[PDB]
Amino acid sequence: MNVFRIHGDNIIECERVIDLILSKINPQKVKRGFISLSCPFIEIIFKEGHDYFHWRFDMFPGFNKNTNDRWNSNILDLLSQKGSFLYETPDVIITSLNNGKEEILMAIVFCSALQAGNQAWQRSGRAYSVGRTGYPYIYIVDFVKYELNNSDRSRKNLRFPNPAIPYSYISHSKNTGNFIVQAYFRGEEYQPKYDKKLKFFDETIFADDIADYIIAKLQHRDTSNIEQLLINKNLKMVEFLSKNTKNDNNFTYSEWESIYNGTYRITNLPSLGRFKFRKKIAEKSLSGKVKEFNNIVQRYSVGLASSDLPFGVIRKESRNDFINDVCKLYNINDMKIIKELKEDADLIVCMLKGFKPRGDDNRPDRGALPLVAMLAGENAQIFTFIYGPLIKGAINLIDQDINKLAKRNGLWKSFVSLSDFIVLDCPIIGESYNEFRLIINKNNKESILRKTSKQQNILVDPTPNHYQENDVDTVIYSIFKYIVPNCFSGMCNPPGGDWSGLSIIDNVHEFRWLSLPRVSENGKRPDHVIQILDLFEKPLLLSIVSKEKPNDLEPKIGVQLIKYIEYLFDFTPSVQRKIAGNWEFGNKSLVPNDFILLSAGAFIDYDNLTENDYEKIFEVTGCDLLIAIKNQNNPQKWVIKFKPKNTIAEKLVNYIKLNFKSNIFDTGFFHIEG
DNA sequence: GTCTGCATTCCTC
DNA sequence: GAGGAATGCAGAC
Ligand SMILES: [Cl-]
């Protein structure tokens, strides 16, 4: 037998990897259950012709935020040990268990939509940091999903990321020698007959290639050829994007192609200089000598990928003059500092506001230097210019020990790890005029790029410090997705809903609402929506919220869950398909009176609730059902108590009790009190 | 309070 | 109008 672990942010992310495997593997036997209270498993017997395989996948939901926060050891330490120095967490890590320890096979990130603008690089630190470890980094995204005006669920026009973002994965792969890729799955809203922006999309960009790659990695087989097919699709996405943008201020596909095939490097393109680097700065952001610094950059710079990306190049042939102008502007007279600035090499200049008016850091700026390092290499000389307001404590730490600031803040960690020179021309909150700093960070950057955490083997123990909201979620998901409907995968019975979308089925169609907001005017997005069709004359939609403790259930949460479903019913489903037949745009609106809507709050309670406490929770939340869960340690069991508010919820409880049976799931790990 | 994930409006060209 | 600049809310701690 072979055992693999799937460490995920939650049970849904873990199960997405299992669904990808089950899309290519058709198993002879499937068994589900728990290896511990927190860790569900799926066991499969399958064959490749005459060759049988027996695999078990043990799932670890909820990552640690430190070394012993939830789990006794942090699986993420395996990434820090290989050079992942940014505080970055993927969605899933898949490991192989051998000789009492875990070995990472890959890191996977799932994204619902191809993000655009600075949101495209906001989390680029993940791909950069995990990419430099040698462990494969797979970014999977749906192409396309429409952004909506939440007021009326009307679709906004499609926006695409700058072609340099998808390209960065390709360049990061080449620079490191590791497999870092962006893969695209056909979204339900990919409808090219209704949107002219998709006219030239090559449908061969859509990735069985991801399931093939995962299975070949699980089998310890050669994946070089599958990797090339995926890289080819990533490149064809850059082709689609660059051929749809204007060539005057952006790299053309033939320029990207000449970099990809190794003819030229991104800084030695023969056409470099046809557009300059022109950073756009809002007039309200200006202070000190920022405008004059931007003029000096635009006097010497050559564009890198796009004229208005927040970075560009100062070629070594112009570096002396650029440095003389900066030194004259900021009164830098120190002979030794000027020599450091005048090193005879190309200089990447990155310009970022960094901070909002109250000195709180810009999230998108965290990915700017990782994006530059993925495109140009981490050893490229980077001059980072910051002009946003700094709180007094931040400039104080810059003057005492910049690494102290980098240790506590992700933005400062990105700046300090990747910049050779950090220049600040910042307003200081509480003071009338800007502060100027010129930090020679070369030696510090070099030290960070060699740093790795303590080498040590990891075997995460399946018993966490304590049981909390991740465990409540795993239990709720297992009961309503596998035990009560009698399913073994995500592709089964009514799909229901979660944070990523809501599906409602009938006798002929599956209707789906995509792009669900966290809140509506009177509603809150449920953690899970369960559809039950064999209980009442009308179908039931059970909306559930999961919390660590009963007092974490907010006032009117039960009513808000129902009102969220009522909000969706006020609009045509995003997409629909015939359960017998392809996804199309939603055509017909659904009727709420055709459904019974109930709400439920789930939590962990160690028998600290009286009849009056339960009465108070019902009054506060308005939930139709409360699900009180508690673990028993000897023998390990989850004891479930279903508390109905009314007669309708009581019928649901009796239904759950009657159907708490399964040929696939080991229900023996549960005890339903009533 | 701070830090980070999430995602929408603002502003320059 | 395109698309990067800029911005804040929320949850978790
Ligand atoms: Cl093309």
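Numbers restart at 1 for each chain; the letters A, B, ... are given by sequence-line order, proteins then strands.
With respect to A/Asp425 and A/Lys289, no salt bridge is recorded, no charged nitrogen being found less than 4.0 Å from a carboxylate O. Between A/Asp365 and A/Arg363 there is no salt bridge, since none of the side-chain N atoms of the basic residue sits less than 4.0 Å from a carboxylate O of the acidic one. A/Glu239 and A/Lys236 are not joined by a salt bridge, as no carboxylate oxygen comes within less than 4.0 angstrom of a charged side-chain nitrogen. The pair A/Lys524-A/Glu554 does not count as a salt bridge, with every side-chain nitrogen at least 4.0 angstrom from each carboxylate oxygen. The pair A/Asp570-A/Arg153 fails the salt-bridge criterion, with no side-chain N (NZ, NE, NH1 or NH2) lying under 4.0 Å from an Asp/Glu carboxylate O.
Taking the nucleotide of DNA chain B with the nearest heavy atom to each of A/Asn150 and A/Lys279, the more 5' of the two is matched to A/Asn150. Projected onto DNA chain C by closest heavy-atom contact, A/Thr245 and A/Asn118 fall at different nucleotides, the more 5' of which corresponds to A/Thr245. Nearest-nucleotide positions on DNA chain B place A/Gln115 closer to the 5' end than the other of A/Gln115 and A/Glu283.
Distance, A/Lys413 NZ to B/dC3 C1': 11 Å, rounded to whole Å. Going from atom CG of A/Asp308 over to atom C1' of C/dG4 covers 6 Å, rounded to whole Å. Computed from coordinates, the A/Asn294 CG to C/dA5 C1' distance equals 13 Å when rounded to whole Å. Counting to the nearest Å, the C1' atom of C/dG3 and the CD1 atom of A/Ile281 are 16 Å from each other. Whole-Å rounding puts the A/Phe355 CZ to B/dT2 P distance at 13 Å. The CZ-P distance, from A/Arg518 to C/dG8, rounds to 17 Å in whole Å. Spacing between atom CZ of A/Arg363 and atom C1' of B/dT9 amounts to 16 Å, rounded to whole angstrom units. Taking atom CZ on A/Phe63 and atom P on B/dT4, their separation rounds to 17 Å, with Å as the unit.
With a 5.0 Å cut-off on side-chain heavy atoms, A/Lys280 falls on the minor-groove face of the base pairs.
A negative value of the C1'-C2'-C3'-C4' torsion places the sugar of B/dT4 in the southern pucker family.
The phosphate of B/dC11 has OP1 or OP2 within less than 4.0 Å of a side-chain N or O from A/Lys284.
If you check C/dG8, C/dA6, B/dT2 against the side chain of A/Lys356, the one that comes closest is C/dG8. Considering only side-chain atoms of A/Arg123, the nucleotide from C/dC9, B/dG5, B/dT4 that sits closest is B/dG5. Counting only heavy atoms from C-beta on, A/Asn409 has its side chain closest to B/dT4 among B/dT4, C/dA6, C/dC9. Closest to the A/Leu309 side chain, of the nucleotides C/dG4, C/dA2, B/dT12, is C/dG4.
Residue A/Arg408 is classed as a sugar-phosphate contact, given heavy-atom separations below 4.0 Å to backbone atoms only. No engagement by A/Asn157 is indicated, since no non-hydrogen atom pair under 4.0 Å with the nucleic acid exists. Within the 4.0 angstrom heavy-atom criterion, only backbone atoms of the sugar-phosphate kind lie near A/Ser285; the bases stay farther away. When heavy atoms are screened at a 4.0 angstrom cut-off, A/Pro357 is found touching the sugar-phosphate backbone but no base atom. Using a 4.0 Å heavy-atom criterion, one finds that A/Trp121 contacts the sugar-phosphate atoms exclusively. Within 4.0 Å of A/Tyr387, counting heavy atoms only, lie sugar-phosphate atoms of the nucleic acid but no base atom. Among the heavy atoms of the strands lying under 4.0 Å from A/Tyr87 are primed sugar atoms or P, OP1, OP2 only; no base atom is included.
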Practice task
List the steps and the verdict of side-chain hydrogen bond (donor to acceptor under 3.5 Å, both in side chains) for A/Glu88 and A/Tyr128.
Solution key: CA-CA 9 Å; A/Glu88 302 294 3; A/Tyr128 164 74; over 6 Å; no

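Residue side chain A/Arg159 does not reach the base of C/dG3 through any donor-acceptor N/O pair under 3.5 Å, judged by distance alone. For A/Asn362 and C/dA5, a side-chain-to-base donor-acceptor distance below 3.5 Å is absent, hydrogens and geometry of angles not being considered. Taking only distance into account, the side chain of A/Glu147 never meets the base of B/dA7 through a donor-acceptor pair shorter than 3.5 Å.
Taking the six-membered ring for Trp, A/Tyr184 and A/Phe240 have ring centres at least 6.0 Å apart.
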